[PDB]
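# Structural overview
So you can see what is in the structure, the chains are spelled out below.
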Amino acid sequence: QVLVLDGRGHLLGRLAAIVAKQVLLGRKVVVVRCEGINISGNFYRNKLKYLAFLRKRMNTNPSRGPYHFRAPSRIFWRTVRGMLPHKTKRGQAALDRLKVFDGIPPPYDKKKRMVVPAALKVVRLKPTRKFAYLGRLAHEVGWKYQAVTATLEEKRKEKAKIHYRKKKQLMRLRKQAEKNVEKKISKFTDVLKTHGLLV
Amino acid sequence: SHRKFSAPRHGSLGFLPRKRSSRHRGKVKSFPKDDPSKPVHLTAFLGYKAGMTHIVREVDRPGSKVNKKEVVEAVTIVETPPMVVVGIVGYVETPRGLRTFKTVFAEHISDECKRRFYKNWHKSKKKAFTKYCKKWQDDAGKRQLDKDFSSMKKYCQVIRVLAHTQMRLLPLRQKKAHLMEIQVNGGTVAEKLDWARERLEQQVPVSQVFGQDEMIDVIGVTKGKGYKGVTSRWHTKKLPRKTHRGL
Amino acid sequence: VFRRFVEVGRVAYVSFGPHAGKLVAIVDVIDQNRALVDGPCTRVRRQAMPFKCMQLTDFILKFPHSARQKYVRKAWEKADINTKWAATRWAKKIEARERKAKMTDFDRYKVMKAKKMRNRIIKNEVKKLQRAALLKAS
Amino acid sequence: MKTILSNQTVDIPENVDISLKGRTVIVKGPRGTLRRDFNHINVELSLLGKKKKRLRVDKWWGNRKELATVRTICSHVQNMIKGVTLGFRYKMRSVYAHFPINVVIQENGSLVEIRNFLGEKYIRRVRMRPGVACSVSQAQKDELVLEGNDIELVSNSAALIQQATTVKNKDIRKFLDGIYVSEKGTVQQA
Amino acid sequence: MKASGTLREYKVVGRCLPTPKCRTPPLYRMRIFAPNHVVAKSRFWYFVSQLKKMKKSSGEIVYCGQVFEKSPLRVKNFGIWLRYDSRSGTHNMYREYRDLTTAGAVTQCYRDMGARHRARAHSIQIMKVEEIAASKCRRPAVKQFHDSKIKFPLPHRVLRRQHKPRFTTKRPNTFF
Amino acid sequence: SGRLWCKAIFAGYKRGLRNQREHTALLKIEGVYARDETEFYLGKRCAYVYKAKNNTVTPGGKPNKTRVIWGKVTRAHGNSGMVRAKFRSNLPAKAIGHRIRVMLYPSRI
RNA sequence: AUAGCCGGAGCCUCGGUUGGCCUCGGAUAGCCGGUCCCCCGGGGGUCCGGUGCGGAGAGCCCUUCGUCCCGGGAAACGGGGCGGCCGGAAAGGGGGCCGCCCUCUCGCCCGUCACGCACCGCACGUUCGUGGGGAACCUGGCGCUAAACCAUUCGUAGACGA
RNA sequence: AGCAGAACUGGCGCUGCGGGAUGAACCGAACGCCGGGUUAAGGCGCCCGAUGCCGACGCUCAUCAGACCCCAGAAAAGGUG
RNA sequence: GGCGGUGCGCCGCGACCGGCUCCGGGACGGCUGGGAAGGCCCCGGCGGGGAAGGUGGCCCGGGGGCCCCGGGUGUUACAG
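Listed under Function (literature references left out) in UniProt, the entry text for chain D is "Component of the large ribosomal subunit. The ribosome is a large ribonucleoprotein complex responsible for the synthesis of proteins in the cell." Under the UniProt heading Subunit, the note attached to chain D is "Component of the large ribosomal subunit."

Quoted verbatim from the Function (literature references left out) field of UniProt, the annotation for chain C is "Component of the large ribosomal subunit. The ribosome is a large ribonucleoprotein complex responsible for the synthesis of proteins in the cell." Per UniProt, the comment on chain C under Sequence similarities is "Belongs to the eukaryotic ribosomal protein eL14 family."

Here it is as structure tokens:
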């Protein structure tokens, strides 16, 4: 009932356009690993794209001007907000269903992350083109927690490896379990093959 | 049109919010960074301004006109009584910033530090930390205190210490001590935590923290001057005498 | 590295189109993104069909680059692609999909009932080996 | 247009023992092991032939620009073969008009001290790239000799000290001073 | 003329109306590539009005019919001559194509010229399409397919049907 | 013992870009994403279930707080599996993005 | 620091929903899983199998009409009752393990016996739901006997507040 | 010259509607109150109804890319991109 | 109780008929160049030719070592 989308390898505008439509349909979408979001075009193109965005501020009072968010999660939150009717009541009610996170929170580390193949770099971009990581772009423009998130993301990398290697050994005993017991499960096995489930 | 003759602007915009300070005690916005090679030591201290006077000393700067000559220098006198360590605090480090992990105080806290936890000392019953000090004479309490200390061994990255000044030795009218987190910079987390555990309820003199001929930083609140115009606050040009609505 | 190559005589599986789900054999390459192809034994008339809707298999039957439809059928029957394709694990999991698709609601109930005790024996079998391992682990 | 297939086979000698995983090749042999990555080009690397005597690259449906990048792989793999068989010896002169350019090497070929360059009080300190050995040869005064196995690292470190000794705001047509690359050779000959 | 869909070859003949001066006018046949026969006869009178002193009022259509491909299952090489219009000046070309049908090669010619030189179909005057042998081809793009042992893989298979599994778990595999 | 209706989301009214016609509702039934799969749901009865403050009667049961707006599925909309529906009373805009039920008892099978 | 914590039924109000997936990393001119014959303190290397992913999200797990007996298959380690023990810190679980006094091969799959308003064709049915909040009623146990503001004073402050 | 003065016709003035982000003159189309259907001009990644087509063929990398009449900005020349 | 008329208190359902629409599934026929192509009858049979995107066979080279990859001649040879 809650969409947990992994942001690694996902294009900024293609993911935001699909999330914005799903969020407006009453679906709670949680986007995770926003530092893995990457944008087509060379890195130097996107930097001045964001640096000239920084220059756009209110002259008389910059505190009332555009709030330039530097975190990768809030940058992705900004581009979804521009894809939504946030000036209306239903637009702001939609944005409450969106939840962005840098790295992976402990609420969402022990969960399966969904992947949008339509909003993917490997699908929508030619292999000879250039792309820019949002995580590198954020720290290079004012984000202070890239190395902070990298070590905490490093910490859960072997912690899931322990779970996965235990998971393989857990189902290695499962796959070996049929190997001793075909003589008394063939009654259930063949009817699962006539209907096409193990063939 | 453009300005006829160029001139730099009055007042820096880095100190733009010229409001009354929300705090009265100086705050360390950025503590010195630490490396594990150095031993554990204090990085900040809290003093009180007394007055100023002259000094006479020899200058030993090569290549100057004033080399090997006697000078006078304006020097501040800051009376710095030793602190009493009353607690420690641990900080886990998050992708959203720096977050406090757990605060562990002493068994018994001196009444000078107890002044801070009350807006009105006269009407209060002085009941602060009365049930917290009951945790140190039960066997479940000591195991919980060691479990809290062992938790800070694993997860805490930055460890500060809670120490307060001593108003009894000062001639000031007030008796309310000022609490302050002081970052302990030194070796790894484990020996850093053991050093602060030993220093609990102990006198901390100035000589442990600072030394002579050493660059330090002074943090404090400016002298109050009240509501002021642009001529006093911003040092703008006074208008001529012939102005009608003021100059 | 690549193991399947678009070349004269490779048997291919059609992805989409009116002839989807059938086998077909490459005769000649017309353009960069289109090839002349002929499924003489799989009810696929000689025509041009692009690379968009074909999945190329590891089956190669040899005939000249512009041989007529008579020799393609003879090479298809000599190699006997139709029997070997059904023995491929590719087609075994292809044909299981419509078995799930045509599965009747009554057939759906019998699968669910059979899945219950089949998992009961495996879970009971797995349970015996986790406890047997821990005595062997100590 | 798109060229349907382009290739260029690299014949390797008996002393070099190459192997590849994915798109990264490794080159080992007498003088050590060299590794270089080629993930930026998206080509096919095929090591066929028994007794592994040649390596062939491939690029299907390539166009004029990237087919030019097919050949520079053959130059790069051949340079890795040369550095493992015979290495790379770079000899650099020290040209000075009046002030003798004093040179001395600290920590065994990883750091260069350059003193009295144009009579400057400043001392110039250049850090050599890892894998590069630095020393002064014998039987001639003005030589600084760089040793190594990778052509990228040795020639970059040669260009580090060449750019470190430049004459500022002067007529360089008259002021001809600095440390410049003289001879580009190998460690051992055949 | 709108180059809509695939083109069709039409064999349109015509002549002048009988006059008191001339008993039977000569008959003129052309090869016209057009989507339908209604626009083929309009295109027929366009070129005839340039070559001869002919108009549609003084002329008539004797036979308007479509000729079919004689070998639509044989891969062939087509030589196509151009008379397009640019923004500055008009130019002639010779372009080579490889297709099963003559009308398909003209269709491939119309889509290629608009892609390269941004030339519209009304600015393009086709004149001659001729079957040529493989050994007489000139452009290396066409000649690279003249191989009895042609062999190539599909290196980067751009996967389609990307939205039917709009949200999935496994990272998709662009390699087969 | 379980669900007998397909999950559908009231995406919005049948509309233009600057004009909406709130007498016809657009439905996004879960599982259908093409025009040719919308043929099964044509003619099915749709209902929007909601609860209010005052208690109203319930057919065959004690009067509850729940209320419905009955309607039917008219015809397919768009190309990507959307569909139109028409109710007796026009749906309130509070139901935008909320779950409504489409039932199967108007069955053609 | 707090003049509330644990466990039973009824009434108003707020509303949405109609089974859960408990997780490697990562590539896309490449992957996945096992054999380890090999080398060191988990990695590398080799081999074997799949690769339009079937150790597949085009997927997996649970499945519920209920009660009474009897017979067959599994099961004897197993289903369910309390205390600890540790594993969790990036925004942290009633997660697992040790022994307990009672429980049955009752659990589940096949087949026999019998019963269950069979409300006589009709709608918001069917859950998450001991859902959140609020008064009042329950029963007992466990407990705690505080601060802020005004006033006055200070003057490191100040138009008044602060 | 969004300047002044003429010829034919159509519009605004006197006129709402859909579209061009907006808009007196542009495109389509003119109006009693409604239901169903179908279109014009325009469009169909999100705002925003509609391509979530297994869309076809090619071109293009910009460290100032480009994106739809009216229309809202550009030239001569040069480029071994 | 039966027939005719009006209506059901409220919430609803179904059936058939007619009108206006959108969509789907079957079967039949006409024209062409009286379709073009295409399939089968040994390559449909016989005779005569031609080159190439050169199949056997020959030569050279390289990879194990008995098949594959290149280059050259050729006219069906064990493919076309």
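Structure shown, so let's carry the discussion forward.
Facing 13 residues of chain E, the contacting portion of chain A comprises 19 residues. Both faces combined, the contact of chain E with chain A buries some 1,400 Å², and carbon together with sulfur accounts for 63% of it. Looking only at chain E, the three residues that lose the most surface to chain A are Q162, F167 and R171 of chain E, adding up to 44% of its buried area. For the pair chain E and chain A, the interface holds one salt bridge. Note that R171 of chain E and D6 of chain A form a salt bridge whose closest N and O atoms lie 3.1 Å from each other. Linking chain E with chain A are four residue pairs in polar contact.

For the rest of this paragraph, the subject is the interface of chain C and chain A. Each partner contributes residues to the interface: chain C has 20 residues there, and chain A has 21 residues. Buried area between chain C and chain A, both sides added, is near 1,900 Å², and the carbon and sulfur share of it is 72%. For the chain C face of the interface with chain A, the top three residues by lost area are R118, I121 and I122 of chain C, together amounting to 32%. Counting across the interface, chain C meets chain A through zero salt bridges. On inspection of chain C and its partner chain A, the count reaches three residue pairs in polar contact. Within the residue set of the side of chain C that touches chain A, elements represented by two or more residues are α3 (89-101) and α4 (105-137) of chain C. Sort the elements by how many residues they give to the side of chain C that touches chain A and α4 of chain C lands first, with 13 residues. Tallied by class, the residues present in the side of chain C that touches chain A amount to nine nonpolar, two polar and nine charged.

For any two helices packed against each other, one specifies the inter-axial angle together with the distance between the axes. Residues and elements named next belong to chain A. Here helix α1 (residues 12-24) crosses helix α3 (residues 72-81) at 60°, and the two axes come no closer than 9 Å. With respect to each other, α1 and α3 are oriented oblique. Once α1 is placed against α3, the crossing between them reads as right-handed. For the pair α1 and α3, contact is made by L12, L15, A16, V19 and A20 and by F76, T79 and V80, respectively.

It is worth spelling out the packing of aromatic side chains at this point. For the structure shown, the criterion picks out 21 aromatic pairs over all chains. On the basis of an interplanar angle of 50° and a centroid distance of 5.7 Å, the ring pair of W85 of chain C and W90 of chain C is categorised as tilted. Taking the centre distance of 5.1 Å and the plane angle of 80° together, the rings of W61 of chain D and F152 of chain E count as edge-to-face. Here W61 of chain D is found in strand β6 (residues 54-62), whereas its partner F152 of chain E is found in strand β7 (residues 151-152) on a different chain. Of the two residues, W61 of chain D and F152 of chain E, both sit in the buried class. Counting every residue linked through ring pairs, the aromatic cluster contains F105, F117, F129 and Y132 of chain B. Positioned above the aromatic ring of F43 of chain A, the side-chain terminus of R136 of chain A is 3.9 Å from the ring centre.

Residues and elements named next belong to chain D. The buried count for strand β12 (residues 144-148) comes to five of five residues, which makes it a mostly enclosed element. Residues of β12 alternate between two faces, with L144, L146 and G148 on one and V145 and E147 on the opposite face, all of them buried. Both strand β7 (residues 88-95) and β12 contribute to a ladder of five bridges, which runs antiparallel. Bridge pairing in β12 places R89 opposite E147.

A separate point is the packing of helix α9 (residues 182-194) of chain A against α4 of chain C. One can describe the packing of α9 of chain A onto α4 of chain C by two numbers: an axis separation of 9 Å at closest approach and a directional angle of 145°. Judged by the twist between their axes, the crossing of α9 of chain A over α4 of chain C is left-handed. Contact with α9 of chain A, carried on its side by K184, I185, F188, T189, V191 and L192 of chain A, involves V111, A114, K115, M117, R118, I121 and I122 of chain C of α4 of chain C and no other residues of that element. A per-class count over the contact of α9 of chain A with α4 of chain C returns nine nonpolar, one polar and three charged.

Close to RNA strand H lie 40 residues; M83 of chain A, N33 of chain C, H163 of chain E together with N19 and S80 of chain F are nearest. Sugar and phosphate atoms constitute 66% of the interface atoms of RNA strand H, taking the interface as everything within 4 Å of the protein. Between a sugar or linking oxygen of RNA strand H and a main-chain N or O atom of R161 of chain E, the distance comes to 3.3 Å. Here a phosphate oxygen of RNA strand H sits 3.1 Å away from a polar atom, N or O, in the side chain of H23 of chain F. Elements that contribute at least two residues to the surface near RNA strand H include exactly α1 and α2 (43-55) of chain A, α2 (102-116) of chain E together with β2 (20-29) of chain F. Tallying contributions element by element places α1 of chain A first for the surface near RNA strand H, with four residues. Residue composition of the surface near RNA strand H, by class: 11 nonpolar, 12 polar and 17 charged.

Conventions and cut-offs
Residues numbered from 1 in each chain as written, not as in the entry; some residues may be left out. Chains lettered and ligands numbered in written order. Part of a larger assembly, values for the part shown. Heavy atoms only, no water. UniProt positions renumbered as here; feature names shortened; annotations may be inferred. Contact = heavy atoms within 4.5 Å. Buried area = accessible area lost by both parts, 1.4 Å probe. Salt bridge = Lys/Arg side-chain N within 4 Å of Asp/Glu carboxyl O. Polar contact = N/O pair within 3.5 Å; in protein donor to acceptor, adjacent residues only side chain to side chain. Helix = DSSP H or I, 4+ residues; strand = E, 2+ residues; numbered from the N terminus. Nonpolar A, V, L, I, M, F, W, Y, C, P; charged D, E, K, R; others polar. Axes fitted to C-alpha atoms, helices over the stretch in contact; angles between N-to-C directions. Parallel < 35°, antiparallel > 145°, perpendicular 65-115°, else oblique. Left-handed = near helix turned anticlockwise from the far one by under 90°. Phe/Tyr/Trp six-rings, centres within 6.5 Å; stacked < 30°, edge-to-face > 60°. Buried < 20%, exposed > 50% of the residue type's maximum accessible area, 1.4 Å probe, protein only. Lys NZ or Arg CZ within 6 Å of the ring centre and 35° of its normal. Pairing = 2+ DSSP bridges. Near = heavy atom within 4 Å.

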